[PDB]
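Residue numbers for the sequence shown, in the authors' numbering: 1 to 131. This report refers to the structure that appears directly beneath it.
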Amino acid sequence: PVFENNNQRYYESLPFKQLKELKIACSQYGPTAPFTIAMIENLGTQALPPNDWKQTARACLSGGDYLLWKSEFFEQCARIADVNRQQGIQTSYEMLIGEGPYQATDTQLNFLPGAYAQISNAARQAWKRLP
């Protein structure tokens, strides 16, 4: 996730215990079981750059579910990016999905503060549409 100190935005790795528990939940209950979704909602309250959501999905979902998630995540981001464009908000599609010039985690740390909630919304909407 993304944090701030007095001088800069910086990145810290996802807490391992939370990630492990989510992986186990996906395997033991399913990716959209109530317990699993509760954990996704909790993760959704943090400022995850796109790569943290992609890492989480890759770690926790089956290969097949990962690609279903990723495709829907991109669609959700495209929707949000279109709204941002109309509203003059400087958060783009490639920023939201973390691709193109924004592929590397180090380039995902200085978005508008509100971008991280948008990313979270897209990621969680995509997760909730898994079968």
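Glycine included, C-beta positions come from ideal geometry on N, C-alpha and C.
Cβ-Cβ distance between residue i and residue j below 8 Å
i: residue 39; j: residue 12; result: no
i: residue 61; j: residue 26; result: yes
i: residue 78; j: residue 70; result: no
i: residue 55; j: residue 126; result: no
i: residue 8; j: residue 50; result: no
i: residue 95; j: residue 122; result: no
i: residue 65; j: residue 14; result: no
i: residue 1; j: residue 48; result: yes
i: residue 104; j: residue 92; result: no
Minimum C-alpha distance to residue i - residue among the options
i: residue 129; options: 8, 33, 16, 23; result: 33
i: residue 45; options: 123, 117, 122, 125; result: 117
i: residue 19; options: 6, 5, 42; result: 42
Residue(s) in a DSSP beta bridge with residue i
i: residue 3; result: 10
Presumed contact (8 Å Cβ cut-off) between residue i and residue j, rounded CB distance
i: residue 97; j: residue 74; result: 5 Å
Review point. In chain order, which continuous runs of the alpha helix (DSSP H) of length 4 or greater are located wholly inside the region 75-99?
Key: 93-97
Exercise for review: Counting only runs of 3+ residues fully inside the region 8-56, write out the beta strand (DSSP E) ranges in chain order.
Suggested key: For secondary structure counted as the beta strand (DSSP E) over 3 or more consecutive residues, the region 8-56 holds these complete runs in sequence order: 9-11.
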